[PDB]
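Engineer: Sending over a structure as structure tokens; questions will come in a sec.
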Amino acid sequence: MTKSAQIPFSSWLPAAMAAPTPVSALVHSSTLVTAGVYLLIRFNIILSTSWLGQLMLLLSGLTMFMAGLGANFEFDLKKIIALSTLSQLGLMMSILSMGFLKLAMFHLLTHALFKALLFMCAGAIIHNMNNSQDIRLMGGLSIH
Amino acid sequence: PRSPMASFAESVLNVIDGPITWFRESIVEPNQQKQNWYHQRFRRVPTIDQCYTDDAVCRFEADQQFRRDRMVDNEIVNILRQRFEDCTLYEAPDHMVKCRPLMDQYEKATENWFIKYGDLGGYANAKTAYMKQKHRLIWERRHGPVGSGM
Amino acid sequence: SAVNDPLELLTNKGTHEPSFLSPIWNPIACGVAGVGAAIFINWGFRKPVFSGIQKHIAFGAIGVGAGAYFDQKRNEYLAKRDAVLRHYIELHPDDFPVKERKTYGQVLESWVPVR
Amino acid sequence: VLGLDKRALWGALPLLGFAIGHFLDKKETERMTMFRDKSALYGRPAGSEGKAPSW
Amino acid sequence: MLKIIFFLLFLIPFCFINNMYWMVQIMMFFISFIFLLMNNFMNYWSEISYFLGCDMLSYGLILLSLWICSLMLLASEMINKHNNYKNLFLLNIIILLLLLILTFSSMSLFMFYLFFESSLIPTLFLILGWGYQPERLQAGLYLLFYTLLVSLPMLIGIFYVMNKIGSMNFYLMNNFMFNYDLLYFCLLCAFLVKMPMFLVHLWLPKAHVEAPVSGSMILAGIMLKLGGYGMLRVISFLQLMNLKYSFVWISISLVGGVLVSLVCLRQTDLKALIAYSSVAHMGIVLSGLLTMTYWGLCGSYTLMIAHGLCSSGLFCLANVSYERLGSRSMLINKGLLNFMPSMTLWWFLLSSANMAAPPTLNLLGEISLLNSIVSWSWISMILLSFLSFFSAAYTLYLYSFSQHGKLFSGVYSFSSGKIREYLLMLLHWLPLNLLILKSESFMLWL
Amino acid sequence: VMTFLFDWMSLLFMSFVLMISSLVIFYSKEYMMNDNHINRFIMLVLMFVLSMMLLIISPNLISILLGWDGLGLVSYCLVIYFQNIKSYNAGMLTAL
Amino acid sequence: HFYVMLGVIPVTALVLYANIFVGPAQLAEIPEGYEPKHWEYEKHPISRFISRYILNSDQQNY
Amino acid sequence: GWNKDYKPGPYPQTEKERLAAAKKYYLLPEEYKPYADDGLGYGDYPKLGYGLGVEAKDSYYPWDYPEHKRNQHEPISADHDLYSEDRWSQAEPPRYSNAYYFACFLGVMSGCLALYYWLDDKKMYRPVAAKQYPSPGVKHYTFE
Amino acid sequence: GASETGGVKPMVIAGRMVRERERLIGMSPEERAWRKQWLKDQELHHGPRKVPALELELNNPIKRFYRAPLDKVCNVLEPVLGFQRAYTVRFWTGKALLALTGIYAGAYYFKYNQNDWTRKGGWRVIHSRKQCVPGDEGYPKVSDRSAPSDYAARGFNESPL
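These protein sequence lines are chains G, B, P, W, H, X, U, D and Y, in that order.
In terms of PDB author numbering, the first sequence is residues 194 to 337.
In terms of PDB author numbering, the second sequence is residues 4 to 153.
In terms of PDB author numbering, the third sequence is residues 2 to 116.
In terms of PDB author numbering, the fourth sequence is residues 2 to 56.
In terms of PDB author numbering, the fifth sequence is residues 1 to 446.
In terms of PDB author numbering, the sixth sequence is residues 50 to 145.
In terms of PDB author numbering, the seventh sequence is residues 63 to 124.
In terms of PDB author numbering, the eighth sequence is residues 31 to 174.
In terms of PDB author numbering, the ninth sequence is residues 5 to 165.
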């Protein structure tokens, strides 16, 4: 719950924007962040039919709602993508709180793929917009 | 050989298995001399109760066989736990039914280990387990089994 | 033996072998002390530390002789002390009685539970 | 490789001290021997004087 | 044994020969190699020569003493570059190492006491002789008077044990058991000061700072472990009374670990922060010692072995910034990643060893210590989590503020890193990860 | 004990972590052209991935603690790779 | 690297000389009346050589 | 040139001692302000700015030391660690009070925990029976 | 004498103009000329020359001893594909040989000298039962091991004792 961010302990994940973007991509997809999800897939036998599973399900859905509202109101590119990482963490932890290891693992592999792809896109766009991660300054990149 | 993946794994296993078997049977198996090594057997020295209080020769020997019996009984509990782990891995879906006699045997082993060596501390002499056995047998005589005592 | 006899504890059976350093430790330690004292004298006077080796030889010989003499007197002192203890044990058989040895099995005392 | 000058010949004094300490340890394990092959764990049957000592 | 003792006794005349500073550490590493060879030890005493013998706890502590002193001659090249008294420094180091070997290979309690309190005089000499501060007099007097004031009645306790039992040997005194308060306080409180408590620590952060680098190695490397060895030898016959009075010391040590871990976040010296860092880990050692479990004793021995290397290696790191930046202040030490980038590997490798680290022996000592303290009571899970969280809250602060950020303006030109310093911090960290291999050696002394 | 569990889930996730990390490294090859410490950045990233495999293939709690501490320490170091107080505060937060 | 390779090369020469040209002992039951020595109680030739020529026996220390 | 030479002295009871202590710390007399006379409080040391941290100070001013934001011979604040740029400092003053933030967070948390744990036994379900598993003692029937 | 600085006196040169805020508060024109001269000095025309003494001191003779035949392989392919395309195929030959050597050594160790009942410190391999589907030999299949001694034997059932 504190290695992969939930409603408690979510402050550390948007902090990592000061890291450079490729290792931020590795931090926010397939490594570190996904370790908690993998561990809870391992501990799904305890987390099934338990008060731990009920509490984890509530906190995972609550961090989904938190991440959706926060990324709808966020004005930074890489912070929006880290909030998208939080929303997908909420999806995987709530489906393992239902008790589906294979669904959690499939969405884990899928999220790692498309989220490393998004962070590579954001790094290229930031590297050509000269380190300006503000989404207000950027505009009309489909032509360029 | 019934699948492309199985045939590829068989080919990779053959390429892996070939040169190492050649290196063993061609180089390692020749030029190796034949020697005999033996498992050490220890005679049973008399225990901590069959000697006097003033003698420190018996206390060292009974303490050493108590430490040796502690390490042997720890290996009994370790092998009985590894049997349950191998039951869980080998009977992967159906571990609920088959591993129950092994788990009962392991739980009896843990209970008997806590009877003998339990609550002795880091400094467990041979006389400390004997006095614990004396007080345990006295409490079993006058108060019945522990768990329903008065 | 099944008895804790006080007279046989002080009586030397002769099975105790003296060590290699036991007869020779005190003369060589006092010889090294005499050599170091001569070196200390030569250092305090700002002489070379091995200048005048006759003082070192005389101090080492004095140390070896004094160590051997006082080690022999020490051994005679300990022999007389052992004879005194044996004689007072023999003269008073009521205050120091043979005491029966007890097996651990007879005693029942205090396991201290750690838990 | 290692480099040792003429001053490395002064290192025979700690090797002499090591030899003296090893000789004293050999004398100590030579003396400490009345329980040799007579303890009840590493014991030997009748005829122990004919056989060689274990250590 | 007598081979190592006579080796150091015949290494004594190496000091009086001129230009012989670097051969002594060569022969010290050679006798450390020989002591690595003589490893036929089990839980009882072996290599019995007169009054000298060795078991596994004594083997690990003598090997740690030899490694710390061999690196202590390697760290002090400032004594060799200046014409400060190299012969006296080498004689003090050899005499102090000989006294540590004699007090660890002691078969009896009294010879352990005698060489144990003989060891504080060369530490006094190093602190008042080779330090670089005006408050060396405040450093050595606090150390000597604290340890002497609490260790003098331990001698009365030692002869009370001798008069009640008859013998001085550890095994024959293991058979007996005493039910006295004052004997327990006498035979415990000297070691309770010699390892840092919360209340009795004062000599530690005011004696580590004002000492030299070699005083820091000998104090945080092996002389916080004399008290641990003493308690490992004394607790075996005072079990009933320490079970009555151990909750006070364990509660004081745990709350003091949390509080001293809160102190290090408000520390502006590199050498003082490691000095208070020695208090927090030895608080966990003290809290795991008094539970008397197999795991508590084994993890305490493992954490003392793994702490005497890492705290000394951290104290070498604060010395190589004090030699160049001119001060131990944490405000001056900023941005050393751009000054010495190759040193930053050893800073983080030895700061991570102070906390829980993946390959180090400190984690295997900390895991086996938290097992016993959580097993002791469930209330300790609240304050072990706080202590082990605050430990890396402060220990990451020293590496973060010293080795990251903007550079301190107005710093004059200093020399670069040297191969001797890289070798010195190499041998403080590769023993910490090569000893998890064959860890049944350095853990199972029972 | 130090244990390795070779399951299909663990091996598939290991292959995915290695492929994502290789594509990130090949991205970094031209992303860090104006940088000066690429020779520490690549080794830190490779070590981070190695600690991640040490977390994945471990069923032992002690070895998961090994991979756990490795992931936390190298993630903190790679956050504080940039030399400013924002990266300092970010590393302190992601370390605690 | 030079001083770890200068250590590894004679060490790896001794390890392949011990495993290939000598080889480990085979476990067997104790014959009656043998009274085996202490260095007979280990399998590897390096362990046997260390327990025979260098390290003291357990019986001697005991 | 040591700690015994430059150190805080006794408390300035009189005004001339206050002027001498102000001139000693390279501070104008009006700026200097000692601590209290309590047991914890320091003697003769100046009481610097405890309002807000180093991030509140001007980063566009030309400092002698750009790190720590201070000039040469300027007296360092006594709680310089707590009021540093790293810990517990803000560049701008916070919009709200300290209790409003925690009050809103635990209010939203208490509402979400209450509304979830009230509805823990009103989970929906499809028009579906229990999942029938074969047993040697209990048999089940089809509908054909 | 030992010179840590190469025999030249170490000093700062660019002065107070290295900070961006000190550049903006005001410049005397001699400081403008000094900053322009420092920026023209900081540029480099050609790259670093290959000093052979750095390669001699930064390479032990053991490294040359174990890198000599692959250096001969790279040198005999030097005029064929150039320097860049021959060092790549040299570097991916020795590394592939090291990878295959490690694979063969690990295969030999985990299938010929794994952990048995006479040793604690080896790698103790436990395998699960393979799934049997029809089309395999012996599809009516139960567990072969059923005795408690057959579980986790580590070769104890073939012991000579």
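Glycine included, every Cβ here is placed at the ideal spot set by N, Cα and C.
Which first and last residues belong to the beta strand (DSSP E) in which residue 29 (chain B) is found?
Structural biologist: Run containing residue 29 (chain B): none; DSSP gives neither H nor E here.
Engineer: Taking Cβ positions only, does residue 39 (chain B) come closer than 8 Å to chain E?
Structural biologist: The structure shown has no chain E; the protein chains it does contain are G, B, P, W, H, X, U, D and Y.
Engineer: If you run the structure through DSSP and keep just helix, strand and coil, what is residue 126 (chain X)?
Structural biologist: In this structure, residue 126 (chain X) counts as helix in the three-state DSSP scheme.
Engineer: Where does residue 89 (chain B) land, buried or exposed, given buried means 16+ other C-beta within 10 angstroms?
Structural biologist: buried
Engineer: Quick one: which chain H residues come within Cβ less than 7 Å of residue 137 (chain X)?
Structural biologist: 400, 404, 405
Engineer: With 9 Å as the C-beta to C-beta threshold (strictly closer), list the residues of the region 99–132 of chain D near chain X in chain order.
Structural biologist: 115, 116, 117
Engineer: Which residues in chain B sit within 7 Å of residue 446 (chain H), going by Cβ to Cβ distance?
Structural biologist: The contacting residues are 125.
Engineer: My guess is that residue 351 (chain H) and residue 399 (chain H) are in contact by the Cβ rule of under 8 Å, so how many angstroms apart are they, rounded?
Structural biologist: 4 Å
Engineer: If you draw a straight line from the alpha carbon of residue 421 (chain H) to that of residue 17 (chain Y), how long is it in whole angstroms?
Structural biologist: 29 Å
Engineer: Using a Cβ-Cβ distance under 8 Å, would residue 323 (chain H) count as near chain D?
Structural biologist: no
Engineer: Run through chain B and tell me which residues come within less than 9 Å of residue 88 (chain U), C-beta to C-beta.
Structural biologist: 37, 38, 39, 40
Engineer: For the alpha helix (DSSP H) holding residue 189 (chain H), just list the boundary residues, first then last.
Structural biologist: Note, residue 189 (chain H): alpha helix (DSSP H), 181–194.
Engineer: So residue 40 (chain H) and residue 46 (chain H) are in contact, right, with Cβ under 8 Å, and what is the actual spacing, rounded?
Structural biologist: 7 Å
Engineer: Note the first and the last residue of the continuous alpha helix (DSSP H) segment covering residue 63 (chain H).
Structural biologist: 56–75
Engineer: Evaluate the contact criterion for the region 352–369 of chain H versus the region 233–240 of chain H: three or more CB pairs, one atom per stretch, below 8 Å.
Structural biologist: no
Engineer: Under a three-way DSSP split, which group does residue 116 (chain P) fall into?
Structural biologist: In the structure shown, residue 116 (chain P) sits in coil (DSSP, three-state: anything other than H, G, I, E or B).
Engineer: Considering only the alpha carbon of each residue, which of G:328, G:318, G:326 lies closest to residue 337 (chain G)?
Structural biologist: G:318
Engineer: Are there 16 or more other CB atoms within 10 angstroms of the CB of residue 91 (chain H), so buried, or fewer, so exposed?
Structural biologist: buried
Engineer: Return the residue from the list U:121, U:78, U:74, U:69 that minimises the CA-CA distance to residue 35 (chain B).
Structural biologist: U:78
Engineer: Buried or exposed for residue 334 (chain H), going by 16 or more other Cβ atoms inside 10 Å?
Structural biologist: Its Cβ being crowded by 16 or more others within 10 Å, residue 334 (chain H) is buried.
Engineer: For residue 101 (chain D), is the beta carbon positioned less than 7 Å from some heavy atom of the ligand HEM?
Structural biologist: What this structure holds is no ligand at all, so the ligand HEM is not there to describe.
Engineer: What residues of chain D sit near residue 326 (chain G), judged by a beta carbon separation below 9 Å?
Structural biologist: By Cβ distance, chain D contributes nothing, its closest Cβ being about 18 Å from residue 326 (chain G), past 9 Å.
Engineer: Using a Cβ-Cβ cut-off of 8 Å, state whether residue 8 (chain Y) counts as contacting chain H.
Structural biologist: Output row for residue 8 (chain Y): interface = yes.
Engineer: Give a yes or no on whether the minimum CB-CB distance between residue 44 (chain W) and chain B is below 8 Å.
Structural biologist: yes
Engineer: For residue 134 (chain X), return the contacting residues in chain D, with the cut-off set at a CB-CB distance below 7 Å.
Structural biologist: 115, 116
Engineer: Hey, residue 125 (chain B) and residue 293 (chain H): beta-carbon distance below 8 Å or not?
Structural biologist: yes
Engineer: Are the Cβ atoms of residue 114 (chain H) and residue 173 (chain H) separated by less than 8 Å?
Structural biologist: Against a cut-off of 8 Å, the Cβ pair of residue 173 (chain H) and residue 114 (chain H) comes out as no contact.
Engineer: Do the CB positions of residue 223 (chain G) and residue 113 (chain X) come within less than 8 Å of each other?
Structural biologist: no
Engineer: From residue 47 (chain D) to residue 53 (chain D), what distance separates their C-alpha atoms?
Structural biologist: Computed Cα separation, rounded: 10 Å.
Engineer: In terms of residue numbering, what span does the beta strand (DSSP E) encompassing residue 48 (chain H) cover?
Structural biologist: 46–49
Engineer: Please classify residue 126 (chain X) as buried or exposed, where buried requires at least 16 other C-beta atoms within 10 Å of its C-beta.
Structural biologist: buried
Engineer: Check the Cβ of residue 117 (chain U) against every Cβ in chain H and list those closer than 8 Å, keeping chain order.
Structural biologist: 38, 39, 40
Engineer: Answer with buried or exposed for residue 346 (chain H), where buried requires no fewer than 16 other C-beta atoms within 10 angstroms of its C-beta.
Structural biologist: buried
Engineer: With DSSP collapsed to three states, give me the class of residue 447 (chain H).
Structural biologist: A question about residue 447 (chain H) goes unanswered here, because the residues of chain H that appear run from 1 up to 446.
Engineer: For residue 105 (chain D) and residue 77 (chain D), I'd like the C-alpha separation in whole angstroms.
Structural biologist: 9 Å
Engineer: Measuring only between beta-carbons, confirm whether residue 104 (chain U) sits less than 8 Å from chain B.
Structural biologist: yes
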